[PDB]
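A short worksheet on the structure shown next.
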Amino acid sequence: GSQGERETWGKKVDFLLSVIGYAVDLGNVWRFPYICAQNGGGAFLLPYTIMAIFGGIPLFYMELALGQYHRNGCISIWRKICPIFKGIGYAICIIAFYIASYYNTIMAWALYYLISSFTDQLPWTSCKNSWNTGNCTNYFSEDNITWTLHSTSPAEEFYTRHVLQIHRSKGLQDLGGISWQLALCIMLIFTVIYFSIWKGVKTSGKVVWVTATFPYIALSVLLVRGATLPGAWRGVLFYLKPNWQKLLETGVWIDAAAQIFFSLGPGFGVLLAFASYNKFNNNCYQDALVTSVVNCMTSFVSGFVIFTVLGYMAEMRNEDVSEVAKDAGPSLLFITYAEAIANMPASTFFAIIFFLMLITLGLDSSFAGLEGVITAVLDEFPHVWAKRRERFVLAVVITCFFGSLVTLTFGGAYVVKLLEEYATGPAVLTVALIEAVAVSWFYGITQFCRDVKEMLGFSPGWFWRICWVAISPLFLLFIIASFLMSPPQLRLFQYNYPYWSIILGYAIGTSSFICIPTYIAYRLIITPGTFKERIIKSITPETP
Amino acid sequence: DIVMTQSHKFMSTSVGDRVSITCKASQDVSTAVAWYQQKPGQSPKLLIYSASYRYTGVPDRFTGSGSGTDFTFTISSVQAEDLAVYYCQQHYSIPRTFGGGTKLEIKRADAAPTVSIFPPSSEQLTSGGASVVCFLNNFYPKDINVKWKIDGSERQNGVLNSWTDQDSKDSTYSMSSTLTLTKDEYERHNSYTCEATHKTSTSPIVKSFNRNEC
Amino acid sequence: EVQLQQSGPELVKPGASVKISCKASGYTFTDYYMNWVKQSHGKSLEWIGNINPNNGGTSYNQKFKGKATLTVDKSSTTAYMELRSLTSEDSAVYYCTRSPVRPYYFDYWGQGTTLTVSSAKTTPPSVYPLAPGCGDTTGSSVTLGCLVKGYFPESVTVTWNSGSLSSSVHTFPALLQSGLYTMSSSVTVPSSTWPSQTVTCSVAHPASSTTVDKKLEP
Ligand SMILES: CC(C)CCC[C@@H](C)[C@H]1CC[C@H]2[C@@H]3CC=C4C[C@@H](O)CC[C@]4(C)[C@H]3CC[C@]12C
Ligand SMILES: CN[C@H]1CC[C@@H](c2ccc(Cl)c(Cl)c2)c2ccccc21
Ligand SMILES: *[C@@H]1O[C@H](CO)[C@@H](O)[C@H](O)[C@H]1NC(C)=O
Ligand SMILES: *[C@@H]1O[C@H](CO)[C@@H](O)[C@H](O)[C@H]1NC(C)=O
Ligand SMILES: [Cl-]
Ligand code: NA
Ligand code: NA
């Protein structure tokens, strides 16, 4: 009665592009070209696929299958599998809030850059502005110029002193106050995601049509543009030059594993929610396969889109694209690439489509990012929730805005690094390992192959059973152990993070998954009788 | 890394001729080549940067050309003070490497080597040694034979020939032939004689002196 | 103007360490990268590494990783380079040179530092005058000279009358034998100033800090 069965998706292509749109984001565009260039060049293509075939694809497919089979949220699905691990469904929620605290602000920057890209003369071309210093030296000026340790470029000046305004803060210690411009930008973004989420999967399935197809068009325009630029072969050479001695280093394998894990994004509850709304007899294998393989291919061509332009930039300057692509962060897009676009014909066009591309790269992923949590909460508190969806979605968008006010400060970029590298990563990897173990070693892999055999009509191959049993948990275990054994020393804009930053990162990191052990203790302490009977009634799913 | 290869380790030219030094790089460089000049006994001095551009305080006679991997440093009017070792260096990729170096030697007309023999001084006889010295000044080219004669017999032991670098004023080499001997042997012979064979004349220049208080 | 003054020559025993200074003047010291180039005897230039004076931002070469350590002092605008585990290959002339960030050229260099890594004892030079004989024919010009025998290392300076005049002085490169160097110098002066006036050759040895002056007597 009343609700009973849940709703279903409006078309196969909508869900196929929704998952693709969530999988593809900023990092696919710029993190993969950098990590591919600095870790063996073209030879990075070899371990990147292995970590996919053995690690990424099995988690992606197993998550999309569990989601499309059980049709439950990230929280209520554990009550029907392993109640003690229900805290997982909560942990991810908290995790999402941290991601949403910064991932949108980044887009805000692009948005503030987009609304600043409608002028006939781009603001970051000249030095006669209200934010430039006396060190600002630009081009279209007297030739012979020689760069100095204190000299700066109008683009670097525009990012540093105008939009980001990071010169007004001394670090994590002093970062206040808040920039109202980026607050309004992130409000507009939280509004464009509000009207794209508030109705449920209908609008995020109609809006995804645009958010997921535009980046390929923009990447195509930038691609055929950058291929025509003189001296673009240098960036391609630096992008594909095989350096097989890097493969001897045990670091590049960990870099590839981590990169393909985030980029694929299993273990976050997004694929669970997206798979939940679908036909029971609908095929899941082909969907997961195609989407992931596209997500990789798209990264691969994005590499060219970036390195052709950076090759042209190295030609205009003096070569060694590694020198011009030293900084691995937002500065590679907001300063370097932007300065390269400004010196091209129809600069307004390629700027509008570039920043618009960035925003459209971000939107689909935060759409999903919220979609998983919303689905989880609505499925965990039914009839206490779902009274309206707009109320909860609004409470989340607003919560993310107040959670992003720390990032909208002048030293907000500092917090972005802190949140992006020390907090979300190791916790998502941790909960992904816990989930992979619970589904593989608690619920039983044989019964899982039986559920896929019921849904798809055939039992999964031995390659996948042997992947879920041993290969995938060791795949996540390797990354977690590698990170925990040596957290990277953070540095951003000639500013090294204090030594206690990692403690703050761990505090944010630890505060996310306090619920899984405290919930195991909660259910283990609430259910009467012996601990063996409590863990037996707590590990085995509900019989009816 | 980058290997800047200068094939010609030595190049000969004359005062007023057009001389060009080549520099071969490993990979493509675009226009990131600098040319430095190091005079014998001085620190390197930057002359060219970014293939063709000249640095401040550099004469107009030094030029630069090339775009890719092979680059050329050209001197139009070679002067006597242009005698130095020239180095090329890439300035794009880390690390910055240099070339082998091309010592530009100046070719001119022949010059007669002024030979001057010198008897061991009294301060050295006081210390207990005696070295007859034979100087060869202002000649060209470098190839020149030096023969020693204690008392008519060709002396060969204890002779050290020291060739200096070319001159930066008149481009003339100079060398020193040293005959180091003991005091006891010096006071048992009287007239020493050193002769030099050069290409300016067929007859070797012969210098002689007497030990009996000159 | 822009001057980079390095330290003097250094004679050090193998296995020890040596630090070379680099006092900069004539430009904004916090504006340019400070570099160190190694030049071996008869070899080419060899970039060791640079350092950012604002924070000491060093950037070494893979070939010198763990071999050289670059430091900088902003209070006196002076750079330093320390070399440990010294061997025979390290006995060379080291320069410190200024350089911008882009284009990365070496606009101004230091005078250099002659480093000798050997266990040979610092031997004082024996200065013996090389005066023309009293039986020679005094023509339009007489050729004088002084002799330096037995010293280590290659750190010697032979001047003539406080550098006046020296428009015809020929200095011959030192020759190493049995662990000791030996060199000579000459000077062609006209016959209207000798032996009337005073012509005295000065021989300085910075390694042993011994300056012996000898006057020429026919
Ligand atoms: C979210 C909560 C639970 C985390 C709290 C953990 C505490 C112990 C961590 C988090 C942030 C950390 C602080 C971050 C800022 C500073 C300022 C610095 O000048 C001294 C270290 C100090 C004072 C750190 C001490 C340890 C610290 C206070
Ligand atoms: C999950 N793969 C992408 C998707 C978008 C983005 C992301 C992931 C999860 C969430 Cl909940 C959100 Cl809002 C956004 C992200 C962040 C860090 C690393 C990878 C990724
Ligand atoms: C240029 O930058 C330096 C530090 O990078 C600063 O000290 C200096 O004041 C700046 N110049 C001007 C004119 O502001
Ligand atoms: C280029 O810049 C320098 C300033 O360091 C200047 O002195 C020089 O004259 C300029 N021009 C050339 C051709 O080097
Ligand atoms: Cl990827
Ligand atoms: Na991705
Ligand atoms: Na996206």
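By convention in this document, the chains of the structure tokens carry letters A, B, ... by their order, each chain's residues are numbered from 1, and ligands are numbered from 1 in the order they are shown.
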
What do you get as a PyMOL selection string if you pick all residues at most 10 Å from ligand 7, counting only C-alpha atoms and all ligand atoms? chain A and resi 18-28+208+211-212+215+358-369

Based on only C-alpha atoms, which of the residues in chain A come within 12 Å of chain B? I want them as a ChimeraX atom specification. /A:143-146,230-231,233-234,237-238,311-312,314-324

Emit the selected residues as a CSV table (one decimal), in the first residue's frame, including C-alpha atoms.
chain,number,residue,atom,x,y,z
A,143,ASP,CA,60.5,42.5,-25.8
A,144,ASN,CA,63.8,41.3,-24.2
A,145,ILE,CA,62.0,41.0,-20.8
A,146,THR,CA,63.7,38.7,-18.3
A,230,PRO,CA,52.3,25.8,-33.7
A,231,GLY,CA,54.8,23.8,-31.6
A,233,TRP,CA,54.0,18.4,-30.8
A,234,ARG,CA,56.2,19.2,-27.8
A,237,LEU,CA,55.9,14.3,-26.9
A,238,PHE,CA,56.1,15.0,-23.2
A,311,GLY,CA,53.0,22.4,-25.9
A,312,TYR,CA,52.1,25.6,-27.7
A,314,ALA,CA,56.2,25.8,-24.2
A,315,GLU,CA,56.9,26.9,-27.7
A,316,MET,CA,56.0,30.5,-27.0
A,317,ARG,CA,58.2,30.3,-23.9
A,318,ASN,CA,61.2,27.9,-24.0
A,319,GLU,CA,60.3,24.3,-23.9
A,320,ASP,CA,60.4,21.4,-21.4
A,321,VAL,CA,56.6,21.2,-20.8
A,322,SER,CA,57.4,19.8,-17.4
A,323,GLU,CA,58.7,23.2,-16.4
A,324,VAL,CA,55.5,25.0,-17.5

Any idea what's packed within 8 Å of segment 175-184 of chain C, counting only C-alpha atoms, ignoring anything in its chain fewer than 3 positions away? Could you give it as a PyMOL selection string? (chain B and resi 162) or (chain C and resi 120+123+145-154+171-172)

Dump C-alpha atoms for the selected residues as an mmCIF file, in the first residue's frame?
data_model
loop_
_atom_site.group_PDB
_atom_site.id
_atom_site.type_symbol
_atom_site.label_atom_id
_atom_site.label_comp_id
_atom_site.auth_asym_id
_atom_site.auth_seq_id
_atom_site.Cartn_x
_atom_site.Cartn_y
_atom_site.Cartn_z
ATOM 1 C CA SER B 162 106.521 24.526 -21.306
ATOM 2 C CA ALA C 120 100.770 16.724 -0.264
ATOM 3 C CA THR C 123 105.592 23.554 0.169
ATOM 4 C CA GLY C 145 113.255 36.671 -15.511
ATOM 5 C CA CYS C 146 112.689 34.892 -12.214
ATOM 6 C CA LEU C 147 112.439 31.199 -11.344
ATOM 7 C CA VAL C 148 110.064 29.455 -8.933
ATOM 8 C CA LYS C 149 110.977 25.898 -7.943
ATOM 9 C CA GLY C 150 109.233 23.410 -5.673
ATOM 10 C CA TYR C 151 105.795 24.338 -4.354
ATOM 11 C CA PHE C 152 102.342 22.864 -3.870
ATOM 12 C CA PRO C 153 99.616 23.329 -4.897
ATOM 13 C CA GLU C 154 99.063 25.432 -8.019
ATOM 14 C CA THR C 171 104.758 33.747 -17.716
ATOM 15 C CA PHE C 172 105.256 30.048 -18.284
#

Identify all residues of segment 62-145 of chain B in strand (DSSP E) (DSSP on the backbone) and supply them as a PyMOL selection string. chain B and resi 62-65+70-75+85-90+102-106+114-118+129-139+145

Export N, CA and C atoms of the chosen residues as a short mmCIF file (atom, residue, chain, number, x, y, z; two decimals), in the first residue's frame?
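Output file result15.cif is given in full below:
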data_model
loop_
_atom_site.label_atom_id
_atom_site.label_comp_id
_atom_site.auth_asym_id
_atom_site.auth_seq_id
_atom_site.Cartn_x
_atom_site.Cartn_y
_atom_site.Cartn_z
N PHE B 62 79.76 39.98 -32.57
CA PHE B 62 79.32 38.65 -32.16
C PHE B 62 77.84 38.46 -32.49
N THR B 63 77.53 37.48 -33.33
CA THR B 63 76.16 37.16 -33.70
C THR B 63 75.85 35.70 -33.38
N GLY B 64 74.57 35.36 -33.54
CA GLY B 64 74.05 34.03 -33.31
C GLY B 64 72.89 33.67 -34.22
N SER B 65 72.83 32.42 -34.65
CA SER B 65 71.77 31.96 -35.54
C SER B 65 71.49 30.49 -35.27
N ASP B 70 70.72 22.36 -34.29
CA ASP B 70 72.04 22.84 -34.68
C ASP B 70 72.05 24.36 -34.63
N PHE B 71 73.02 24.92 -33.91
CA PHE B 71 73.11 26.37 -33.75
C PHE B 71 74.52 26.83 -34.09
N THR B 72 74.62 28.10 -34.48
CA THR B 72 75.88 28.67 -34.96
C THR B 72 76.15 30.02 -34.32
N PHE B 73 77.36 30.17 -33.78
CA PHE B 73 77.86 31.42 -33.23
C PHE B 73 78.87 32.00 -34.21
N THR B 74 78.59 33.20 -34.71
CA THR B 74 79.37 33.78 -35.80
C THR B 74 80.09 35.04 -35.33
N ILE B 75 81.38 35.13 -35.67
CA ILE B 75 82.18 36.33 -35.44
C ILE B 75 82.59 36.85 -36.81
N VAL B 85 88.22 30.39 -25.28
CA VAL B 85 87.48 29.14 -25.47
C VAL B 85 86.00 29.46 -25.39
N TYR B 86 85.25 29.03 -26.40
CA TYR B 86 83.83 29.34 -26.50
C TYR B 86 82.99 28.12 -26.14
N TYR B 87 81.95 28.34 -25.34
CA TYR B 87 81.07 27.27 -24.89
C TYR B 87 79.63 27.58 -25.26
N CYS B 88 78.88 26.55 -25.66
CA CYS B 88 77.44 26.66 -25.86
C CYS B 88 76.70 25.89 -24.77
N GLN B 89 75.52 26.40 -24.40
CA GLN B 89 74.77 25.84 -23.29
C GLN B 89 73.28 25.98 -23.53
N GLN B 90 72.53 24.89 -23.34
CA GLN B 90 71.08 24.93 -23.48
C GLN B 90 70.44 25.44 -22.19
N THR B 102 85.22 25.03 -27.81
CA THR B 102 86.00 25.21 -29.03
C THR B 102 87.05 26.30 -28.83
N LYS B 103 88.30 25.91 -28.60
CA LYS B 103 89.38 26.88 -28.42
C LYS B 103 89.73 27.49 -29.77
N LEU B 104 89.39 28.77 -29.96
CA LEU B 104 89.61 29.44 -31.24
C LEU B 104 91.04 29.97 -31.28
N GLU B 105 91.90 29.28 -32.02
CA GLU B 105 93.29 29.69 -32.20
C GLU B 105 93.41 30.58 -33.43
N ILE B 106 94.27 31.59 -33.34
CA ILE B 106 94.43 32.58 -34.40
C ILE B 106 95.64 32.22 -35.25
N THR B 114 112.80 34.43 -30.59
CA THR B 114 113.92 35.00 -29.84
C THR B 114 114.32 34.04 -28.72
N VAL B 115 115.51 33.46 -28.84
CA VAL B 115 116.03 32.50 -27.88
C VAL B 115 116.98 33.22 -26.93
N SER B 116 116.80 33.00 -25.63
CA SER B 116 117.64 33.64 -24.62
C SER B 116 118.02 32.63 -23.54
N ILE B 117 119.32 32.39 -23.38
CA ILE B 117 119.83 31.43 -22.41
C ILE B 117 120.26 32.19 -21.15
N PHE B 118 120.10 31.54 -19.99
CA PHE B 118 120.35 32.18 -18.71
C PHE B 118 121.11 31.25 -17.78
N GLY B 129 122.13 24.26 -6.11
CA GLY B 129 121.58 23.76 -7.36
C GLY B 129 121.91 24.73 -8.48
N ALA B 130 121.70 24.28 -9.72
CA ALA B 130 122.00 25.15 -10.85
C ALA B 130 121.18 24.72 -12.06
N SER B 131 120.34 25.61 -12.57
CA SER B 131 119.47 25.30 -13.71
C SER B 131 119.70 26.30 -14.83
N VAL B 132 120.18 25.81 -15.97
CA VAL B 132 120.34 26.65 -17.15
C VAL B 132 118.98 26.76 -17.83
N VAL B 133 118.57 27.99 -18.18
CA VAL B 133 117.24 28.22 -18.73
C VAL B 133 117.34 28.70 -20.17
N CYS B 134 116.47 28.18 -21.04
CA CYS B 134 116.44 28.60 -22.44
C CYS B 134 115.03 29.04 -22.80
N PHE B 135 114.84 30.35 -22.96
CA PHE B 135 113.54 30.93 -23.29
C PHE B 135 113.37 31.11 -24.79
N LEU B 136 112.16 30.83 -25.28
CA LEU B 136 111.82 31.01 -26.69
C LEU B 136 110.59 31.92 -26.74
N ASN B 137 110.79 33.17 -27.15
CA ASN B 137 109.76 34.19 -27.11
C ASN B 137 109.34 34.63 -28.50
N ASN B 138 108.05 34.93 -28.66
CA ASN B 138 107.49 35.53 -29.87
C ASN B 138 107.79 34.74 -31.14
N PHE B 139 107.07 33.65 -31.35
CA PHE B 139 107.20 32.88 -32.58
C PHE B 139 105.85 32.31 -32.95
N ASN B 145 111.19 22.93 -32.43
CA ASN B 145 112.12 22.01 -31.79
C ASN B 145 113.12 22.74 -30.91
#

Go through A:334, A:172, A:417, A:247 and flag the residue nearest ligand 1, using only C-alpha atoms and all ligand atoms for the distances. A:172

Kindly provide the residues of chain C that approach chain B to within 8 Å, each paired with its closest atom pair and their distance in Å to one decimal, based on only C-alpha atoms, listed by chain and increasing number, as a tab-separated table.
residue	atom	partner	partner_atom	distance
C:43	CA	B:100	CA	7.4
C:44	CA	B:100	CA	5.4
C:45	CA	B:98	CA	6.0
C:46	CA	B:97	CA	6.7
C:47	CA	B:96	CA	6.4
C:61	CA	B:95	CA	6.6
C:95	CA	B:43	CA	7.8
C:103	CA	B:91	CA	7.0
C:104	CA	B:91	CA	5.5
C:105	CA	B:49	CA	6.6
C:106	CA	B:46	CA	6.5
C:107	CA	B:46	CA	5.6
C:108	CA	B:45	CA	7.1
C:109	CA	B:43	CA	6.4
C:110	CA	B:43	CA	6.8
C:111	CA	B:43	CA	5.8
C:112	CA	B:43	CA	6.8
C:128	CA	B:124	CA	5.9
C:129	CA	B:121	CA	6.1
C:130	CA	B:121	CA	6.2
C:131	CA	B:118	CA	7.0
C:132	CA	B:118	CA	6.0
C:133	CA	B:214	CA	5.5
C:134	CA	B:214	CA	5.2
C:135	CA	B:214	CA	5.1
C:143	CA	B:116	CA	7.6
C:170	CA	B:174	CA	7.5
C:171	CA	B:164	CA	7.7
C:172	CA	B:164	CA	5.8
C:173	CA	B:164	CA	6.3
C:174	CA	B:162	CA	7.9
C:175	CA	B:162	CA	7.5

File of the preceding selection, C-alpha atoms, as a short mmCIF file (atom, residue, chain, number, x, y, z; two decimals), in the first residue's frame:
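Result file is part-v4.cif:
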data_model
loop_
_atom_site.label_atom_id
_atom_site.label_comp_id
_atom_site.auth_asym_id
_atom_site.auth_seq_id
_atom_site.Cartn_x
_atom_site.Cartn_y
_atom_site.Cartn_z
CA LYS C 43 87.19 19.93 -19.17
CA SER C 44 83.91 21.69 -19.92
CA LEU C 45 81.53 23.56 -17.63
CA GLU C 46 79.28 21.49 -15.37
CA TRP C 47 76.21 22.98 -13.70
CA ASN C 61 71.73 17.90 -10.20
CA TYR C 95 82.33 29.36 -9.99
CA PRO C 103 65.58 32.91 -19.80
CA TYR C 104 68.00 30.91 -17.64
CA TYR C 105 71.34 32.43 -18.65
CA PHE C 106 74.41 33.04 -16.46
CA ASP C 107 74.87 36.80 -16.80
CA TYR C 108 77.55 37.36 -14.13
CA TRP C 109 80.16 34.92 -12.81
CA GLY C 110 82.59 34.87 -9.92
CA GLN C 111 86.35 34.96 -10.26
CA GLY C 112 86.57 31.25 -9.39
CA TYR C 128 115.81 32.10 -7.58
CA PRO C 129 116.53 35.13 -9.80
CA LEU C 130 117.15 34.63 -13.53
CA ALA C 131 119.38 37.62 -14.45
CA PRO C 132 121.09 38.06 -17.83
CA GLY C 133 124.81 37.39 -17.80
CA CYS C 134 127.35 40.18 -17.51
CA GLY C 135 128.93 39.20 -20.84
CA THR C 143 115.25 39.99 -21.25
CA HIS C 170 105.92 36.12 -20.46
CA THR C 171 104.76 33.75 -17.72
CA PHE C 172 105.26 30.05 -18.28
CA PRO C 173 102.74 27.50 -16.98
CA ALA C 174 103.86 25.49 -13.97
CA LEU C 175 104.92 21.88 -14.47
#

For chain A, list the residues within 7 Å of chain C, counting only C-alpha atoms, and write the list as JSON, numbers by chain. {"A": [146, 147, 148, 149, 150]}

Could you please determine the separation between atom 20 (C, counted along the ligand's line) of ligand 2 and atom CA of residue 385 of chain A in Å, to one decimal place?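 Answer for the atom 20 (C, counted along the ligand's line) of ligand 2 to atom CA of residue 385 of chain A separation: 27.9 Å.
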
Residues contacting ligand 5 - anything with an atom at most 6 Å away, using only C-alpha atoms and all ligand atoms - can you give me those as a ChimeraX atom specification? /A:28,32,260,263,296,299

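In this model, the gap between atom CA of residue 67 of chain A and atom CA of residue 445 of chain A comes to 15.8 Å.
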
Could you state the separation of atom CA of residue 403 of chain A and atom CA of residue 72 of chain A in Å, given to one decimal place? 27.2 Å

Surrounding residues of residue 278 of chain A excluding itself and chain neighbours under 5 positions, 8 Å, only C-alpha atoms, as number ranges by chain: A: 8-9, 68

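With only C-alpha atoms as the atoms that count, the residue of A:452, A:4, A:465, A:434 with the shortest distance to residue 382 of chain A is A:4.
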
Which of segment 50-125 of chain A counts as helix (DSSP H, G or I) under DSSP, as a ChimeraX atom specification please? /A:50-70,76-79,83-114

Counting only C-alpha atoms and all ligand atoms, what are the residues, protein, DNA or RNA alike, that approach ligand 3 to within 6 Å? I want them as number ranges by chain. A: 133-135, 150

Find the residues near residue 259 of chain A: any atom within 10 Å, counting only C-alpha atoms, skip ones fewer than 3 places away on the same chain, and give them as a count of residues only. 18

Polymer residues at most 6 Å from segment 6-17 of chain C, only C-alpha atoms, same-chain spacing of 5 or more positions, as a list in words: residues 22, 83, 84, 85, 86, 87, 113, 114, 115, 116, 117, 118 and 119 of chain C

For C-alpha atoms, I'd like the residues from the last selection saved as a PDB file, in the first residue's frame.
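Now in part_35.pdb:
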ATOM      1  CA  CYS C  22      80.127  33.995  -2.777  1.00  0.00           C
ATOM      2  CA  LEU C  83      81.553  19.696  -0.655  1.00  0.00           C
ATOM      3  CA  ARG C  84      82.014  16.512   1.384  1.00  0.00           C
ATOM      4  CA  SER C  85      83.819  13.253   0.571  1.00  0.00           C
ATOM      5  CA  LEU C  86      86.489  15.035  -1.452  1.00  0.00           C
ATOM      6  CA  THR C  87      88.448  13.033  -4.037  1.00  0.00           C
ATOM      7  CA  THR C 113      88.031  29.127  -6.607  1.00  0.00           C
ATOM      8  CA  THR C 114      90.971  26.810  -7.280  1.00  0.00           C
ATOM      9  CA  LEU C 115      90.374  23.647  -5.250  1.00  0.00           C
ATOM     10  CA  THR C 116      93.177  21.110  -4.778  1.00  0.00           C
ATOM     11  CA  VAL C 117      92.314  17.835  -3.035  1.00  0.00           C
ATOM     12  CA  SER C 118      95.635  16.198  -2.180  1.00  0.00           C
ATOM     13  CA  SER C 119      97.539  15.069   0.890  1.00  0.00           C
TER      14      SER C 119
END

Between C:122, C:164, C:188, C:138, which residue has the minimum interatomic distance to residue 208 of chain C, considering only C-alpha atoms?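 Under the stated criterion, the closest residue is C:122.
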